[PDB]
> 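Got a structure for you, questions after.
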Amino acid sequence: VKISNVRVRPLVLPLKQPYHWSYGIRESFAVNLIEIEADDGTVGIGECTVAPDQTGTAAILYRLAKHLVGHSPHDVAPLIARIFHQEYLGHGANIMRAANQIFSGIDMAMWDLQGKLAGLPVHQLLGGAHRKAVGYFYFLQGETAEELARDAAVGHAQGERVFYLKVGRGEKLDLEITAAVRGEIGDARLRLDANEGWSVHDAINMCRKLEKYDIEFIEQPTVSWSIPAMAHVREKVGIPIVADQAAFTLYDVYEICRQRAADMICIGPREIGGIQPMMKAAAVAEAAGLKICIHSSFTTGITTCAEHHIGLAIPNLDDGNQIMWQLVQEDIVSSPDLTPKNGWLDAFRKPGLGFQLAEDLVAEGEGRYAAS
Amino acid sequence: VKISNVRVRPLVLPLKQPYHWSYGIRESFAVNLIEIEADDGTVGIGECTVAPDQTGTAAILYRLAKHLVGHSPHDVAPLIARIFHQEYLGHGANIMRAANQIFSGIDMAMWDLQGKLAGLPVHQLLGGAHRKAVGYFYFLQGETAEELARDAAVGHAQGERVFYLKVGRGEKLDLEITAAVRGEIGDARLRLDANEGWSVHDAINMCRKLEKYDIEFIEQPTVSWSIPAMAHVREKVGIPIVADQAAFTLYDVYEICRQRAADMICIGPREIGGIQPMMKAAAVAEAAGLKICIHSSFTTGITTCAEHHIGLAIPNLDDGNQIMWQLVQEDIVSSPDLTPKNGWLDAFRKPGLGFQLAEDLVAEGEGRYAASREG
Amino acid sequence: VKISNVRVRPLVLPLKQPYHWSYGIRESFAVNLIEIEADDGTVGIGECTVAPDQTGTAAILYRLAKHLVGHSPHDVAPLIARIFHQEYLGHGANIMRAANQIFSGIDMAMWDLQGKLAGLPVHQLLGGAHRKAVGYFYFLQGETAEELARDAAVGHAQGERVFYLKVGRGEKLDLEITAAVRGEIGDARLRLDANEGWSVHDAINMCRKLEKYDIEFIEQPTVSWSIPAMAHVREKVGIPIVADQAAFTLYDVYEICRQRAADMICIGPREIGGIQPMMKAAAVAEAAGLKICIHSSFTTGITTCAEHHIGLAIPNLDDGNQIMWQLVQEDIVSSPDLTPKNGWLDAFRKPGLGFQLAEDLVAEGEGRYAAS
Amino acid sequence: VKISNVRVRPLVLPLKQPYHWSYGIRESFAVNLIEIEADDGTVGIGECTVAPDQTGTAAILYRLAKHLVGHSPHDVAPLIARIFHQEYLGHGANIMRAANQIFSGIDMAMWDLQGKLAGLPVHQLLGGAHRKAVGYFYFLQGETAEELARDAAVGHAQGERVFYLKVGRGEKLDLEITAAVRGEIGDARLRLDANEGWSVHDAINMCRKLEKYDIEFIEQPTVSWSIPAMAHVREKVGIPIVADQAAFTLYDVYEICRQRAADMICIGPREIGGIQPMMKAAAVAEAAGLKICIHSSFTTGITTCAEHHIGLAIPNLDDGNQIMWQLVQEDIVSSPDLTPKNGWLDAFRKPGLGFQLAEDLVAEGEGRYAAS
């Protein structure tokens, strides 16, 4: 079997509700699908994030994927390495993180394809599942303490086990929203995401003031480019510190480990470059006595399935992994049901990444892209 | 004064001779020019490298540059910081190196604009020139020992001072071309570029075998992603080791310094994100007792001028800086003359980056780009 | 355009109230102004501190400045480097901190001149402002708890945001003044300056006893000559530690960073040698994941303006920077108004450093010097 | 007995021949004598270097010295500490090196006075002499290989044991002169002063190329401000590396020791602040298993005597210490004879620093100062 075709389909998908970010409001997510068809008709599907420009990154994704035509889906590793050396390194552009953003979709598509051709779910191509179900967090939403508390109340009543709250919104508001959320979730586990928002001394003082709320850990308190700075804060504060944006590549993971810069590493396919690279990141972390928590992205149910299979295949995995498809108004995955039950998703067993796409919703997504 | 327009012009320019690399030969270089126009008619010019796709990166360069319209050329630093946070970080794309590739041309053009508005060369906007001339290396060309030695012979007779030779072509050939070049340049300085080609133990053995040829230093012997691996090699071998591809961002530079991973750092605008960022990298190196050698790229005379002014402004600078405009068949810079004499280029003094573009050659470059898009 | 003349004007300026220091009370500040005139008539102005002897340092400043005559104001960096090498290093006087003290004023005047010639404020010659306003602290004054509590009440009344209190006056008094000040500022931020006054074990114990008062950070608890001693205390105490006197040169900054000896670095032009060197120090701090807080000096509004533009041009800056012109009875800067509003000074935009001097007040200052 | 008066005498003394430096030729140099007189008529005499301005530094020396009036010559240590805190630290001028430059002459005079009062040589006030004589180097002079070769031949003929040659004049010339010198001194010891002139990689390559000439050590190859850079070079080269300009204060010495940055430390009274400070620096080196080599300065026989007693009193001392009085046309010390014999100067036994000044030469020196 040989890869016969590759297609890139840019999509724009509306969110259920406005997503507040650094620069205004966000009402839709955008992804670039990558479809890899084998000569026997079987198709592997994956997707990439699109920053800084969907049209530009789509062109890049297409250019890299065309190199796969005529080759074997079972040679994904050496193929990506060659394409990387040829289109990036040979030109002096040693931008591994940026390359990873693109190869992530390519890699998940190839394994989806391999799984479909073998009639096996991806995790059974990676050594087997280390758990019967992957555990996920509860991504709280809201701009005010009242809204966040209401959301936490409902989630708690629904059986959610790991609450995820973003902070770094200023000292006063941070303590108010953290107090409000804790007030509605009893003794349940609460994790805070500082999103690189604190300087070293502010991180230390905020951790001190947040301890009283029983925080499981604080994710990426400091500017991600400095692993030493993160280590500096970790060694001083009493609340565990988890690396997120500080960890993109296999090498970043290694640096974090040897410098004992974090208590756990949160990384996903988008940062490391796919499914297989995640297993390698997981191995390094395991060797250093640390666990992996899956970091997600503003994508669709496709990434959800990939991250799910990645999770099942990793022995040293957290039980409060990230998940984001629920933010989409109409997700493009028609099956399986990606809705966690009590913060768990029992192992998916269909071939490849195990999903079916809602072609009608995908078409609408392409239409919105063309519209813009 | 405020920025009124921005323009991106993708170009394809032929090379004097084919450039050999890991994947066949290369017949031309591609760059994306970025023009930034102020409401008074003044125009700043810069350029960006294009990998992995010129059309895609040109689209990204344009999108970022449009954010500048309506703002001051004198606010380049905070403007870039904001654009980076908005189009990249806010979306979870913490790809500093990739972002730097694009911002390099923007920053390049911004300082050119500032210099033209003030009527001063860029280096005098950065504190003044620390030298009367920037020193450059001699990039040897050839695939065989014979061609390389002959080129070395000529360069030496012409007064070239710092020879640059690419190695990592296998032990036998590496030692053969090195010996051959050494044999034609008397006792002149010789630098070798391993181009990330050696594993740790091979790097150690190659250095041992190359020592007899009096090597000033070997550049990036190991895979660029691992700084510890480079430090590992440096501490073991007798020939000094220079960081190249391992050093892209301000943080990479700091890591190399704190780990004493290299004896000198070779970095340029394309990697760090511009002229101003280079000043920052230079300061970190200076604080660590290290010097900066400007790393160039497959670009044009526009970058040569930017790198030239960057060089004059850096106090802790090498005198064997990289230069590449000479590889282009017909470079797009009509003035000044970028040809070094005895490996030197006396300080350029015209406003901004100091160049004049050959409009017709740029147009032809635009024409080639259009052609490459017929497919 | 070239520099045609240079002149040094030693001044002695009375203070609003007595200043208490380790050896009594200071009734006035003294500065040595440095004016650099271009052949077109434009004049750049800066100032230097004068210890250990105003006459002696006035003599040095003039000798160094005279080397500028005949050269371009745009070649400030290589000029200072050459002067430093010829007048200091060539004689075996590797006294970088001492030379920085003098070059601070020179560099200050050179950029003022450059800005005036270009019609642009100094921060726009340095890349642009990274904020609309620079944030400043409230320099508390008083020798007893009652006095400090009163001054604190005044500051809180006018909306100050960051209170600065000097400690190291003995355990009993330190706790009593910190308690009284905290009692007048509600939940406002409080910073303590130990002024190199504690031994390693006393610093550890005092930090422990001061924690209850919610301290943002303690500045330079240990003797400034030992970077290791400072890191030693930082790693042990719960309150963040800020380096001040330990950081004078670019290399000192790198050492503190390299050794993670401080949580933030407080440094000013007087210590590092000017405006441009501060940019370099800030870059080193930035690469290490640390921020800069501007350390001021017993000087005039001239330095305030210089420190203001430096602050605007630094991306990684604190918002409780030091300011000292308000201590002078009649500051020599006639414009602009250097009085912060709620701890802020909106960006100055006039050419160069942006100030105009009250020649009458300067002439008076020269008179007091001549009198002494 | 208390100090009754202090006087500062600026001198300018011609050299035997032009001294070549970075900025041309130096045909003479200056010193600021400091005489401390006790109420019983006894007078202690010391001297200070004058960079960056003799008049300015003379004024500084006078201001600091007046503080000694009315106090005991036996309280030199606590007196200098107070003056330092009062005139420097209390004003935020933590310029220890600059202060040491001045205090060096003061301490020098105080121990000379203490010696004369007790009728004992200074080394016998410091614990006793650890050797019968102090070993000194042969300061080679010349600008070309031929001149250096002839001077070396002269030195060898008269029994010199330790040759000191300045390099860093470019690879070709450095190699030429070193070969030239080696060919005239047989197997004698040869030391090379790189004088902060090499970058890290140049230092490494030059040491390799100079190795064939049998070099005892290379002094300060890299910029003095970076101790890490010096350790970096030391760890790579085969020739021992000696710290010089990198070591000025007690703290610099400790840092060099702590970091194993040098194989020996070359430091003198001008850098550390006097005679007694040298004893402390020597103790730190000793505790670290390192030896001290006396670094001299462009001074007169007075400093030679001060450094001589310092040498006798240090147990962990080198035998190729620096000496510079021989460069002066008419040294101001009329006795003892400071001319080394086979590179040795037997222990001086006269009271204090044990010298007598040629009144007439000093007066003429005061004349030249006035004339300049």
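In what follows, chains are A, B, ... by sequence order, proteins preceding strands, each numbered from 1.
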> Dump the intermediate steps for salt bridge (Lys or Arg N to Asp or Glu O under 4.0 Å) on D/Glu364 and D/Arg368, then the final yes or no.
CA-CA 6 Å; D/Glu364 289 306 314; D/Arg368 301 178 211 284; 5.3 Å; no

> Checking the side chain of D/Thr299 only, and the main-chain atoms of D/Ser297 only, is there a donor and an acceptor separated by less than 3.5 Å?
yes

> Write down the atom of D/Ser28, the atom of D/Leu15, and the distance for their closest heavy-atom approach.
CA-CG, 3.6 Å

> Any idea which heavy atoms bring D/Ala188 and D/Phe163 closest together, and the distance?
CB-CE1, 3.5 Å

> Does the distance from a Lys or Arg side-chain N to an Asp or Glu carboxylate O, for B/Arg131 and B/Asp319, drop under 4.0 Å?
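Here B/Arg131 does not pair with B/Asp319 in a salt bridge, since their nearest N and O are not under 4.0 Å apart.
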
> Decide yes or no on side chain to side chain donor-acceptor pair (under 3.5 Å) for C/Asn94 and D/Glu271, but give the supporting numbers first.
CA-CA 9 Å; C/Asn94 294 223; D/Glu271 296 99 56; over 6 Å; no

> For the residue pair D/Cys207 and D/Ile239, what are the closest heavy atoms and their distance?
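Closest pair (atom of D/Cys207, atom of D/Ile239, distance): O-CD1, 3.3 Å.
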
> Count the heavy atoms of every other residue, nucleotide or ligand shown that sit under 6.0 Å from NZ of D/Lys280, and state whether that count exceeds 12.
no

> Under the side chain to side chain donor-acceptor pair (under 3.5 Å) test, which residues partner C/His67, sequence neighbours left out?
C/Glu87

> Checking side-chain contact (heavy atoms from CB on, under 4.5 Å) between D/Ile265 and each of D/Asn316, D/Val284, D/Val253, which is the one that passes?
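Passing option: D/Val253.
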
> Restricting to ring pair (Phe, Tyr, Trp, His ring centres under 6.0 Å), what partner residues turn up for C/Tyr88, sequence neighbours left out?
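C/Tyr88 satisfies ring pair (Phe, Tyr, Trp, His ring centres under 6.0 Å) with C/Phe84 once adjacent residues are dropped.
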
> Do side-chain atoms of D/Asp331 reach the backbone of D/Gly301 as a donor and acceptor pair under 3.5 angstrom?
yes

> Please test D/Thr300 against D/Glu47 for side chain to side chain donor-acceptor pair (under 3.5 Å), starting from the C-alpha separation and ending with a verdict.
CA-CA 8 Å; D/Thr300 81; D/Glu47 56 176 27; 2.7 Å; yes

> Looking just at side-chain N and O atoms, do D/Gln158 and D/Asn342 make a donor-acceptor pair shorter than 3.5 Å?
no

> List the residues meeting side chain to side chain donor-acceptor pair (under 3.5 Å) with C/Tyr251, not counting sequence neighbours, and say none if there are none.
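Expected list: none.
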
> More than 12 foreign heavy atoms under 6.0 Å from CD of D/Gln329: is that the case here?
yes

> Return the set of residues passing ring pair (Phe, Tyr, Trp, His ring centres under 6.0 Å) with B/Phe137 (not counting sequence neighbours), or none when no residue passes.
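Listed in chain order: B/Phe139, B/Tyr164.
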
> Rounded to the nearest 0.5 Å, what separation is found between the CD1 atom of D/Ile272 and the CD1 atom of D/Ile267?
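Taking CD1 in D/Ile272 and CD1 in D/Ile267, the distance rounds to 4.0 Å.
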
> Flag the pair C/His85 / D/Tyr23 as yes when their ring centroid distance falls below 6.0 Å, and as no otherwise.
yes

> If you apply the rule side-chain contact (heavy atoms from CB on, under 4.5 Å), what do you find for D/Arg182 with D/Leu190, and how did you get there?
CA-CA 8 Å; D/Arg182 169 51 69 196; D/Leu190 178 58; 3.6 Å; yes

> Side-chain polar contacts of residues 288-296 of chain D - donor-acceptor pairs under 3.5 angstrom, sequence neighbours left out - could you list them?
from, atom 1, to, atom 2, distance (Å)
D/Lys291, NZ, D/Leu317, O, 3.0
D/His295, ND1, D/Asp244, OD1, 3.0
D/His295, ND1, D/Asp244, OD2, 3.2
D/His295, ND1, D/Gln322, OE1, 3.1
D/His295, NE2, D/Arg270, NH2, 3.1
D/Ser296, OG, D/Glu307, OE1, 3.0

> Which atoms form the tightest heavy-atom contact between D/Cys48 and D/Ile102, and what is the distance?
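Closest approach of D/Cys48 to D/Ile102: SG-O, 3.1 Å.
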
> Can the ring centroids of D/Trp111 and D/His309 be said to lie less than 6.0 angstrom from one another?
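No; D/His309 has its ring centre 6.0 Å or more from that of D/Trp111.
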
> Hey, what's the ring geometry for C/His91 with D/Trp21, parallel, tilted or perpendicular (30° and 60° as the breaks)?
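Answer is tilted, since the angle falls between 30° and 60°.
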
> How long is the span from the CG atom in D/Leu353 to the NE2 atom in D/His308, to the nearest 0.5 Å?
11.0 Å

> Within a radius of less than 6.0 Å around NZ of D/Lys212, do more than 12 heavy atoms belonging to other residues, nucleotides or ligands occur?
no

> To the nearest 0.5 angstrom, please state how far the OH atom of B/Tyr213 sits from the CD1 atom of B/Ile185.
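Those atoms lie 13.0 Å apart.
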
> Do D/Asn321 side-chain atoms and D/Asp318 backbone N/O form a donor-acceptor pair below 3.5 Å?
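Indeed, once roles are kept as given, a pair shorter than 3.5 Å links the two residues.
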
> Could you tell me if the ring centre of D/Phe298 sits under 6.0 Å from that of D/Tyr19?
yes

> For B/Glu235, what residues pass the salt bridge (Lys or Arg N to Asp or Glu O under 4.0 Å) criterion, not counting sequence neighbours?
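Testing B/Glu235 for salt bridge (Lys or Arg N to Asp or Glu O under 4.0 Å), a comparison that skips the adjacent residues, returns none.
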
> So, using salt bridge (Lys or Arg N to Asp or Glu O under 4.0 Å) as the criterion, who are the partners of D/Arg97 when residues are at least two apart?
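For D/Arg97 the salt bridge (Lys or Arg N to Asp or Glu O under 4.0 Å) partners, ignoring immediate neighbours, are D/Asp252.
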
> Nearest 0.5 Å, please: how far is CD1 in D/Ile323 from CG in D/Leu338?
6.5 Å

> For D/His130, what residues pass the ring pair (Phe, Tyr, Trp, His ring centres under 6.0 Å) criterion, not counting sequence neighbours?
none

> Is there a donor-acceptor contact under 3.5 Å linking the side chains of D/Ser224 and D/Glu196?
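There is such a pair (donor and acceptor under 3.5 Å, judged by atom type) between the side chains of D/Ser224 and D/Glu196.
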
> When rounded to the nearest 0.5 angstrom, what distance separates CG in D/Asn100 from CZ in D/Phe248?
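D/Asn100 CG to D/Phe248 CZ: 9.0 Å, rounded to 0.5 Å.
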
> Go through the steps for D/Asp263 and D/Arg234 under the test salt bridge (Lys or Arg N to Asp or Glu O under 4.0 Å), then give the verdict.
CA-CA 8 Å; D/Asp263 298 303; D/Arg234 186 191 68 74; 3.6 Å; yes

> Considering residues at least two apart in sequence or located in another chain, which fulfil the salt bridge (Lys or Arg N to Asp or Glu O under 4.0 Å) criterion with B/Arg260?
none

> Measure from NZ or CZ of B/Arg161 to the centre of the six-membered ring of B/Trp344 and say whether it is under 6.0 Å with the direction within 45° of the ring axis.
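Output yes; distance and angle both within limits.
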
> Taking only residues two or more places apart in sequence or in another chain, which ones pass salt bridge (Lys or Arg N to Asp or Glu O under 4.0 Å) with D/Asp360?
none

> Run the side chain to side chain donor-acceptor pair (under 3.5 Å) test against D/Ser104 and tell me which residues pass, sequence neighbours left out.
none

> Ignoring hydrogens, what is the shortest heavy-atom contact between D/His123 and D/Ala129? Give both atom names and the distance.
ND1-CB, 3.7 Å

> Kindly say whether D/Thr49 contributes a backbone atom to a donor-acceptor pair with the side chain of D/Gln101 at under 3.5 angstrom?
yes

> Holding to side chain to side chain contact (heavy atoms under 4.5 Å, CB included), I want the full list of residues that pass it with B/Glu216, two or more places apart in sequence or in another chain.
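Residues passing side chain to side chain contact (heavy atoms under 4.5 Å, CB included) with B/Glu216: B/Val162, B/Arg189, B/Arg191, D/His201, D/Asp202, D/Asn205.
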
> To the nearest 0.5 Å, what is the distance between CG (D/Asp107) and CG (D/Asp112)?
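With rounding to 0.5 Å, CG (D/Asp107) is 11.0 Å from CG (D/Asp112).
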
> Measure across D/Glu219 and D/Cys266 and return the closest heavy-atom pair with its distance rounded to 0.1 Å.
OE2-SG, 3.6 Å

> Step by step, would you call D/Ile204 with B/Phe217 a side-chain contact (heavy atoms from CB on, under 4.5 Å)?
CA-CA 10 Å; D/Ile204 288 171; B/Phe217 69 64; over 6 Å; no

> Taking atom CD of D/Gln259 as the centre, report whether more than 12 heavy atoms of other residues, nucleotides or ligands fall under 6.0 Å from it.
yes

